[PDB]
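What follows is a set of notes on a single structure, which appears directly below.
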Amino acid sequence: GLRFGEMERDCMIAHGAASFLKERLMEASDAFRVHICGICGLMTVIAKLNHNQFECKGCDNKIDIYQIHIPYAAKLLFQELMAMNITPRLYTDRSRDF
Amino acid sequence: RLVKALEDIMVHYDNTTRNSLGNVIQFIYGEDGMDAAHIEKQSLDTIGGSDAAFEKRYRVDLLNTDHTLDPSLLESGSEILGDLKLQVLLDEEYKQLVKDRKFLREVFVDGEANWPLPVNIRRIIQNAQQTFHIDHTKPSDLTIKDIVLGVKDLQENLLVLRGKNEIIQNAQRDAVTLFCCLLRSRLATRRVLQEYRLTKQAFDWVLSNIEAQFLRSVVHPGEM
Amino acid sequence: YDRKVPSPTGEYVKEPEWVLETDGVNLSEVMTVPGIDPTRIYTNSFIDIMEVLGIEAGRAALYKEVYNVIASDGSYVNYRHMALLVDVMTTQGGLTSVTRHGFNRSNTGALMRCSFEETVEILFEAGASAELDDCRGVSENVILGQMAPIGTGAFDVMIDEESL
Amino acid sequence: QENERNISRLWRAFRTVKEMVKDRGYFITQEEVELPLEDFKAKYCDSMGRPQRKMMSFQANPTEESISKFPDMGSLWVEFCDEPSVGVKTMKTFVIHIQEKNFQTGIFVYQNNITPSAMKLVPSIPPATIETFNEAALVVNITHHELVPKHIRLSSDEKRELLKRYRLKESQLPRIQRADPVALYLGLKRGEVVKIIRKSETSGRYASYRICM
Amino acid sequence: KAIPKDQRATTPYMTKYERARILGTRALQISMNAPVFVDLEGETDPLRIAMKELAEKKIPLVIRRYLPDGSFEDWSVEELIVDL
Amino acid sequence: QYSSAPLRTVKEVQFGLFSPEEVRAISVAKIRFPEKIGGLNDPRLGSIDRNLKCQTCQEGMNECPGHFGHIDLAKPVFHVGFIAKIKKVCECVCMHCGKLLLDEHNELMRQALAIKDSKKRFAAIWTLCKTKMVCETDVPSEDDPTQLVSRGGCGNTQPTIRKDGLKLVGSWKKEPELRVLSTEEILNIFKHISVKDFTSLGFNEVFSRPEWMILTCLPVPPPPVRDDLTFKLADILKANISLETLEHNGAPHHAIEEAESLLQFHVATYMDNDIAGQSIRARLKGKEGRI
Ligand SMILES: [Zn+2]
Ligand SMILES: [Zn+2]
Ligand SMILES: [Zn+2]
């Protein structure tokens, strides 16, 4: 024992203790800062921070963009998915185009 | 297997119970919006006993030298005898008690009276009767209008849902139905006066307390 | 069986009645036999109830069964809990089993705990099926370093420009 | 022998249909519903003791009260057939009759079953829909059962309000199969919504909803 | 998609989860030497202080309650009634 | 550093397939030379040498989120992961004109079509179509079987498809005929399937068209990911290039075929190591198995 397994997580969910759940299950991986298109939810944004320039060819985007912090292990797992021809669109909005 | 199947069901700010997709599982949690940890087994009196017992307990006929409130239970007891206008109020209450009994006898075809409900009324009263050192000798300074209209107003304040439209308002009347049956049977005029002996002060306290405990009994959105 | 029934005077009295307990089930046909009370006929086979009487009746019977199993050890459990189980098993118009049905899901996201040494296949289908992850689970949000939209995280907090 | 009790079944079933049609919103005298056995025997049998199903058929009209909510509710044509087994020839006659006399709904109550051939003859006269029932599954009105709560069909109007106040997509509503015994009873059609009012040990009453799949 | 200060059908009362997240969020700020809004009549413990601010309705925060469909209501810690 | 870009949290994740167009629309380099060179590791992609230069997006080997590469395949190739899928679609659609083998004219098909589970409905439609061996022209109506109803005018016979490693083979008949189904025939048939038809299947007309299960343009993962993968990419490049050098100067048919199945063996093994011989799926076997 001395572990924090599925059953322990279920108890914490039942308690509605979400930030403890976040703090506990998260790993070490550096909180990486990526940029994303608001049209396609991909990490295909070219950021010229010093010049305040953000471009996402294929979409003609420079104004519709966001920034998110995610574990580097995520940035990877996603880019790997892109390598396998799969698109993991990340959206900041929950209410789709419906 | 059980956790896995339900793990994503949560109560939302619209008192609705839904799953990750947003599908409605219950239109209101537990069919009453109440939080399980605030519910206690309580006796729904109106459901048991003979009819003779029911009428003896709840019937108040100001127009009858026999089935009236003795002028000792009440301060305005003698000047209320024969009062027609009040009797119309007391008949709204009694007919409502009679429907309630019918209704309950349908929901619990068995006859079972004790069911977990929120807000332990019997206790709130026992407090009142000790907090206001209520002596069971002197008549009460309560008006029949005090009780009947008071208890009628309290019900409109026991909220689980707030939406201003007709659909949600009905949902709200349903959610509070069983509880109100308990309420009306505990705060029936004859009961208040002859059994509890509440004063206008103790009574007004009992009411606002039930409203407080009730709201404190609703389930909070975000409940897994 | 003893049966609590209202007496003509009003109080509940016991009225013993003869009942038939069978080994084997055929609801649709027995229900129709003359001499019985088709209105009270019952069976622990909630499946048959749901097929003859419908899903709502199927739901009630399913509650009455889950309930008897818990009351068998004298154990008590507030209604809402078993009620919730029985509703989830019923929401889609049919009796959906709980004890793990799908090899891939039951209500998750191609992100939660990578199941199987081949999660790649769960992702492959999600891709080819244009699967849309709601991100309401604890795992998918951990992978994302965010706190789940549950309980303490079912809302956002912001600075208020009102306070004087 | 049989026939005697065999008559009762057709009679009970006949009752259920009156009760069923009435619950759908068609004018029917609670009086006819309660048509005692012995009358049914006279009012419908030939001189031999046998029941003449052909004679039981009948038409049914919406009620003022019903057309105030569902205006397009045409009329019905219930129909019983002497042919134990119904074949394409027999059904065509029917599928044609309902169509001809312009009926929006036809209920076909067969005895043992129909020809898988005639069965396909059903969907063939839109929008008028045809429904079938096996007498056996009518000898008892399931809706009269203890565990069966009150299902009430909602008008497309009540439906929009429903979907609107709870702010739901049609897919987020609890469902009810098209072939659910009660849906079949009420004649539900894919897309329609039923309000279910059931007693609750928690609250007094609790209304839930299911949309027909 | 926002809802006017009027027409909010959500509870006027603060949920136990909101109390916990606000108190925890405020406590964190107090723990990082962020300015305080009350008279610490002795308190030195962040959370214990944050709890004092809440009681004294001096926590300049807003809770954004989302609805299943996306819309949402906004209540201020100030508005919210604290009875639990 | 600082980015005027507003900070937010992912609320949803739309999974889908990368069409060959978008794979181009977002890439940076075209990647030719299988061997810094404008072929690999620099033509725009993430940089090395502590060099800020990386498409004006400057930064460094720690702020730079690898950029994606582009790379055209001489011939289309099956994506290892959807071969099973690609096969089933083929057993549902006619292999000549791309029309579902069973319409709304079949009652058993109407029931299946009603399912809302893109997984269960696909399964139901498949179990019903793999039967049909002919793209019917006329069919019995809802009325008299005496009267017929017309549909997609194409009576051609359907093939019984089997799987042999990384290739699909079909057998026709009215003694059978066996001709392997080239990736080009499948790619084209799919593109001839209607939005209503592939949508009735589990596909999405926006995020996941069937045609995209067939790889035309392969995405080249930026430096942060790939190194062995770069090797595997190199050989993919080689095989792709030796294949084009069999068209520019023409060449026998079986030769252009050995090269196609060569590229196929790499584009496949590149993503998944589990076929005739001996990856990304693998990289996850320790990034899916380590998470
Ligand atoms: Zn873009
Ligand atoms: Zn860069
Ligand atoms: Zn064809």
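Residue numbers (the entry's author numbering), protein chains in the order written: chain A, 1127 to 1224; chain B, 840 to 1063; chain C, 1287 to 1450; chain D, 3 to 215; chain E, 72 to 155; chain F, 5 to 39, 49 to 187, 196 to 247, 260 to 311, 324 to 336. Ideal placement from N, C-alpha and C gives every residue a C-beta, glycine not left out.
If I follow the unbroken alpha helix (DSSP H) through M22(D), where does it start and stop?
Sequence index remark: in the fourth sequence, residue 22(D) carries index 20 (1-based). Start and end: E4 to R26.
Going by the CB atoms, is the gap between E1426(C) and residue 1232(C) shorter than 8 Å?
Outside the displayed range of chain C (1287 to 1450) lies residue 1232(C), so it cannot be described from this structure.
Can you tell which of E114(E), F108(E), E150(E) and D110(E) has its C-alpha closest to the C-alpha of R135(E)?
Numbered from its first residue, the fifth sequence carries residue 135(E) at position 64. Nearest option by C-alpha distance: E150(E).
How is the beta strand (DSSP E) around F1441(C) delimited, first residue to last?
Along the third sequence, one-based indexing puts residue 1441(C) at 155. From DSSP, the beta strand (DSSP E) with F1441(C) extends over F1441 to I1445.
Quick check on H99(D): does DSSP put it in helix, strand or coil?
One-based indexing of the fourth sequence puts residue 99(D) at position 97. Reduced to three states, the DSSP call for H99(D) is helix.
Take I199(D) as the anchor and find which of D1043(B), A1014(B) and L1037(B) has the nearest alpha-carbon.
If you number the fourth sequence from 1, residue 199(D) lands on position 197. Of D1043(B), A1014(B) and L1037(B), the residue nearest in Cα terms is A1014(B).
Counting only Cβ pairs nearer than 7 Å, list the residues of chain A close to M1063(B).
Stepping through the second sequence from its first residue, residue 1063(B) is reached at position 224. Those are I1139, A1140 and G1142, listed as they occur along chain A.
Does the region 1158-1171 of chain A come within contact of the region 1213-1220 of chain A, defined as at least 3 CB pairs closer than 8 Å?
yes
Member of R12(F), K34(F) and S215(F) whose CA lies at the smallest distance from the CA of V1160(A)
Within the first sequence, numbered from 1, the residue matching residue 1160(A) stands at position 34. Of the listed residues, the one whose Cα sits closest to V1160(A) is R12(F).
Look at the Cβ atom of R1029(B), then the Cβ atom of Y868(B), and state whether they are nearer than 8 Å.
Taking the first residue of the second sequence as 1, we reach residue 1029(B) at position 190. Taking the first residue of the second sequence as 1, we reach residue 868(B) at position 29. Cβ atoms of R1029(B) and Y868(B): not closer than 8 Å.
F1158(A): first and last residue of the uninterrupted beta strand (DSSP E) it sits in
As a working mapping, residue 1158(A) is identified with position 32 in the first sequence. Here the beta strand (DSSP E) through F1158(A) covers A1157 to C1163.
Taking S1221(A) as the query, report the chain H residues whose CB atoms sit under 9 Å from its CB, ordered along the chain.
Protein chains in the displayed structure are A, B, C, D, E and F, and chain H is not among them.
Just to confirm the assignment, what range does the beta strand (DSSP E) spanning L202(F) have?
Here residue 202(F) refers to the residue found at position 181 when the sixth sequence is read from its first residue. Where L202(F) is concerned, the enclosing beta strand (DSSP E) stretches over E198 to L202.
Below 8 Å, how does it come out for the region 954-961 of chain B and the region 881-889 of chain B: are there three or more Cβ pairs, yes or no?
yes
Cutoff 6 Å; reference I84(F); Cβ partners in own chain excluding five residues on either side:
The count along the sixth sequence starts at 1 and reaches residue 84(F) at position 71. Correct list, in chain order: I35, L239 and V241.
So, at 6 Å on beta carbons, what are the nonlocal neighbours of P153(F) in its own chain, with the 5 sequence-adjacent residues on each side left out?
Within the sixth sequence, numbered from 1, the residue matching residue 153(F) stands at position 140. Answer for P153(F): no residue qualifies.
How many Å lie between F16(D) and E133(D) at the Cα?
Position 14 of the fourth sequence holds residue 16(D). Position 131 of the fourth sequence holds residue 133(D). Cα to Cα, the separation comes out at about 16 Å.
Does any heavy atom of ligand 2 sit closer than 7 Å to the C-beta of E72(F)?
As a working mapping, residue 72(F) is identified with position 59 in the sixth sequence. It does: the Cβ of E72(F) is within 7 Å (strictly closer) of some heavy atom of ligand 2.
Since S1392(C) meets chain B, which of its residues come closer than 7 Å, beta carbon to beta carbon?
Your numbering for residue 1392(C) matches position 106 in the third sequence. Chain B residues near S1392(C): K843 and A844.
Simplified DSSP state of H1195(A), which is helix, strand or coil
Taking the first sequence and counting its residues from 1, one reaches residue 1195(A) at position 69. It is a strand residue.
Taking a cut-off of 5 Å, which residues have a beta-carbon closer than that to any heavy atom of ligand 1, in chain order?
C1163(A), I1165(A), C1166(A), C1182(A) and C1185(A)
Just by C-beta distance, which residues in the region 144-174 of chain D are closer than 7 Å to chain E?
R169
Quick check on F135(D): does DSSP put it in helix, strand or coil?
As a position in the fourth sequence, residue 135(D) is number 133, starting the count at 1. Note: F135(D) maps to strand in three-state DSSP.
Does the Cβ-Cβ distance between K145(F) and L121(F) come in under 8 Å?
Residue 145(F) sits at position 132 when you count from the first residue of the sixth sequence. Residue 121(F) sits at position 108 when you count from the first residue of the sixth sequence. Taking 8 Å as the Cβ cut-off, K145(F) and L121(F) do not qualify as a contacting pair.
Cross-chain neighbours of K15(F) in chain C, by beta carbon under 7 Å
Stepping through the sixth sequence from its first residue, residue 15(F) is reached at position 11. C1421, listed in chain order.
Counting only C-beta atoms, is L936(B) closer than 8 Å to chain C at any point?
Position 97 of the second sequence, counted from the first residue, corresponds to residue 936(B). No, because no Cβ of chain C sits closer than 8 Å to the Cβ of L936(B).
Check whether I1196(A) and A9(F) have beta carbons under 8 Å apart:
On the first sequence, residue 1196(A) is found 70 positions in, with the first residue counted as 1. On the sixth sequence, residue 9(F) is found 5 positions in, with the first residue counted as 1. No; because the gap between Cβ atoms is not below 8 Å, this pair is not in contact.
Confirm the yes/no value for this check: CB of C110(F), any heavy atom of ligand 3, distance under 7 Å.
Taking the sixth sequence and counting its residues from 1, one reaches residue 110(F) at position 97. True, at least one ligand heavy atom lies under 7 Å from that Cβ.
So, helix, strand or coil for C105(F), using DSSP?
One-based indexing of the sixth sequence puts residue 105(F) at position 92. Note: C105(F) maps to coil in three-state DSSP.
Contact criterion: CB-CB distance below 8 Å. Does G95(E) meet it with respect to chain A?
Here residue 95(E) refers to the residue found at position 24 of the fifth sequence. Closer than 8 Å: yes.
Evaluate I1212(A) with the Cβ neighbour count: other Cβ atoms within 10 Å of its Cβ, from every protein chain shown; 16 or more gives buried, anything less gives exposed.
As a working mapping, residue 1212(A) is identified with position 86 in the first sequence. The residue in question, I1212(A), is buried, as its Cβ has 16 or more Cβ neighbours within 10 Å.
So, does the region 848-860 of chain B touch the region 277-290 of chain F, judging by three or more C-beta pairs under 8 Å?
no
Start-end ranges of the alpha helix (DSSP H) lying completely within the region 903-952 of chain B, minimum 4 residues:
923-946
With a cut-off of 8 Å, do at least 3 Cβ pairs link the region 1438-1449 of chain C to the region 55-63 of chain F?
no
Taking only heavy atoms of ligand 2 into account, decide whether any of them is closer than 7 Å to the Cβ of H1195(A).
Working through the first sequence from its first residue, we reach residue 1195(A) at position 69. No; taking the cut-off as 7 Å, the Cβ of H1195(A) has no heavy atom of ligand 2 nearer than that.
Just verifying my parser: in three-state terms, what is the DSSP assignment at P153(F)?
Locating residue 153(F) in the sixth sequence gives position 140, where the first residue counts as 1. Note: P153(F) maps to strand in three-state DSSP.
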